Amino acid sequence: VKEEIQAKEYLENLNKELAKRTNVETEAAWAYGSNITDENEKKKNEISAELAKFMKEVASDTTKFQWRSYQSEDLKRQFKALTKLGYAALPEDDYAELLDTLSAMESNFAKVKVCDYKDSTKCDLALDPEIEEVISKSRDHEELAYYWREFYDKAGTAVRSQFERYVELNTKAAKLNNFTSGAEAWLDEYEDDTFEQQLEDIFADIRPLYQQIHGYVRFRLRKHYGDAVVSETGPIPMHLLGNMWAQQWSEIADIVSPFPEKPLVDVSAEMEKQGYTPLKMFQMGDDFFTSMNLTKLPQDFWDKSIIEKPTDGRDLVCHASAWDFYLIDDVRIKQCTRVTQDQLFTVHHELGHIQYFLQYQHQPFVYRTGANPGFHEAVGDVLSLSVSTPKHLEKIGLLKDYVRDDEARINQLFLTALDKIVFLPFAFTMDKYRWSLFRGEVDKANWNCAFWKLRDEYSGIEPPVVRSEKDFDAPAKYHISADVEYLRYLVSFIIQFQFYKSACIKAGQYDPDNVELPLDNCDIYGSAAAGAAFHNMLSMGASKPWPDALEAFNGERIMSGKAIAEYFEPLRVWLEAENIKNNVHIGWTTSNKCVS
């Protein structure tokens, strides 16, 4: 009708206004996140409250248009997105209380300090970097357990009453948008009613490999720590796995690697010896993208980013993140960067977000996000997969005197699995837990043990000490304290293998029927063929449902476990044999580390 013509002009104008108002909210959030004070908290929450109020006016104005009657799929999609208010649907007082609750949790988490194990006078150890360094480096099980407990008590238990209020307010918000719970609100971002089932099916296919890796790691840990510390048949004590949440185990690769007489890629020491800085690491990431004929970082990036931990003793959120300011070319990273191999991957991870932001900044505001949350998280990881290859690391002079025999290949495959397969059950449990609270499936009296129950069922790990319903451990993970959906990372770790396989084929770097070009040594550095595929997909933003974005990249429309399995198939074959040959116990008894 004539109405659809006016509507298109309504949208064009409203999109620009939302960008500009979001800009101002993002600036205040940035200011808080990079400098936590009471004054910046109030500024952030007051701006948010005002944007919330305007969003409600907008939702209500969508009803004045017959938008579901229109011809244009594109107009209807944009209107649909403006009806989805999220937390902004709350009454203004409930919204302000929710923001205050979220602030309390995120700043509790960011301000955690603990006492040194060897010196209880020295009480200024932060997660990043001091506690993370001990967890990743110490092989003293008693020190490890000490830091685990100190951290979980302060980051987790201390915000129980706040976490509860947040679940209530999150649930109320979802119901006001006519979702059953916050779980359905999160899942709506994947635009697919069978999405949970799809992930269950993929997870069930990779679980057997996970159990083989688990079994082997447990066997190797028993030889290091002995049977008093690690049982044969029980869940692995999580504090021994190189990471505070046992989400990835690559930091203990030096004690669990298949062939310890053969090389294991660890380039941290060479980075340090070649004088690498944070600045250099970001410049390398930048080079990687521009090498593929993708977009160079703008000057605002270099001028406004924070790529090193401030040295002025202020409080900030050190958890690494990427920020879109919704103008032109104002994109930033906040990373407390350290010169290590894992941090090099993180740098590429974060720069994948930046690239996505630049690729879609010509889109209308509602379309300036990922095709789905998982797509956003995968982009940088596709590059990190290349960066991590011995091929790439020899090219940039970080890996010296490396012979890629069959045993070094198994070592590298295993190292990657400790980051990529191990994480899958972990990532699944973070949202399974929250979903189950959001949906009202667990009584408040059982919330802590329901967490550790899932961590046992899916990952076969447990706490180093007995916990109970007096503790509350979930918020000790950043994203749980900060209310960041975690499924995006599960989706990412599956789909990034679909992107990488396809990028590798396009780059001439992978042929199944040619042993010179195996998937696990593919480097896509310099490939404009791969870059083109990325451009086609990333530039779409959220303008189409995600199957359409994937189709733009490689012609497929389906999320699949095929690629991640193909990548690790040589590992699976070897590891199955090695477990049988060493009579390794697979599976685990129920944990008894959480008392009701």
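For every residue, the number given is its place in the sequence shown, counted from 1.
Trainee: Please compare 243-251 with 398-406 and say which has the higher mean C-alpha temperature factor in the record.
Mentor: Of 398-406 and 243-251, the stretch with the higher C-alpha B-factor average is 398-406.
Trainee: Of 60-68 and 562-570, which one has the bigger average CA B-factor?
Mentor: For C-alpha atoms only, the mean B-factor is higher in 60-68.
Trainee: Checking the record values for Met292, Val217, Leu418, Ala228, which has the greatest CA B factor?
Mentor: Result of the comparison over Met292, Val217, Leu418, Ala228: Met292.
Trainee: Would you mind finding, among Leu490, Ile480, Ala269, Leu385, the residue with the largest C-alpha temperature factor in the entry?
Mentor: That would be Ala269.
Trainee: Ranking every modelled residue in this chain by its Cα temperature factor as given in the entry, which third contains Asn40?
Mentor: For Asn40, whose C-alpha B-factor we compare with every modelled residue in the chain, the answer is the highest third.
Trainee: Report the third (lowest, middle or highest) to which the CA temperature factor of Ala110 belongs, ranking only the modelled residues of the same chain.
Mentor: Tercile = middle for this residue's CA B-factor.
Trainee: Sort the modelled residues of this chain by their C-alpha B factor and say whether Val584 lands in the lowest, middle or highest third.
Mentor: Middle third of the chain for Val584's C-alpha B-factor.
Trainee: Among the chain's modelled residues, which third holds the C-alpha B-factor of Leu550?
Mentor: As the PDB entry reports it, the C-alpha B-factor of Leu550 lands in the lowest third of its chain.
Trainee: Rank-wise, by C-alpha B-factor, drop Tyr525 into the lowest, middle or highest third of its chain.
Mentor: It belongs to the highest third of the chain when residues are ordered by C-alpha B-factor.
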